[PDB]
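The form deposited in one PDB entry is given below as one chain in structure tokens.
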């Protein structure tokens, strides 16, 4: 935190607006959830999205698998997350 002052860049989309927020590894599900609530001023569900599919991320295991997609892809530079109330 203060020490922090390989990150995972998450591109959040909420109501058509996008922004990128970086998270240090290992990325904790509870930390992403907290950052979303803090930044957007309300809790929002995390949906990993590609051009065709989205999947709700329910827990650390789901988040780890989504980050692994990111890490296995040479072209993907951020993790696309659709936020829904």
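Residue numbers count along the first chain shown, from 1.
> If you average the CA temperature factors over each stretch, which comes out higher, 18 to 26 or 60 to 68?
The stretch with the larger average C-alpha B-factor is 18 to 26.
> Would the CA B-factor of residue 84 place it in the lowest, middle or highest third of its chain?
It falls in the middle third of the chain.
> C-alpha B factor of residue 42, ranked within the chain: lowest, middle or highest third?
Ranked within chain, residue 42 CA B lands in the highest tercile.
Here the subject shifts to the form deposited with a partner chain bound, a form of this protein not shown in this document.
> Report yes if any heavy atom of residue 69 sits within 4.5 Å of a heavy atom of the partner chain in the bound PDB entry; otherwise report no.
No.
> Spell out, yes or no, whether the shortest heavy atom distance between residue 65 and the partner chain in the bound PDB entry is within 4.5 Å.
The answer is no: residue 65 has no heavy atom within 4.5 Å of the partner chain.
> How about residue 35: is it within 4.5 Å of the partner chain in the bound PDB entry, going by heavy atoms?
Close contact exists here: in the bound PDB entry, residue 35 approaches the partner chain to within 4.5 Å, heavy atoms only.
> May I ask you to check whether residue 39 falls inside a 4.5 Å heavy atom distance of the partner chain in the bound PDB entry?
Because a heavy atom of residue 39 falls inside 4.5 Å of the partner chain in the bound PDB entry, the answer is yes.
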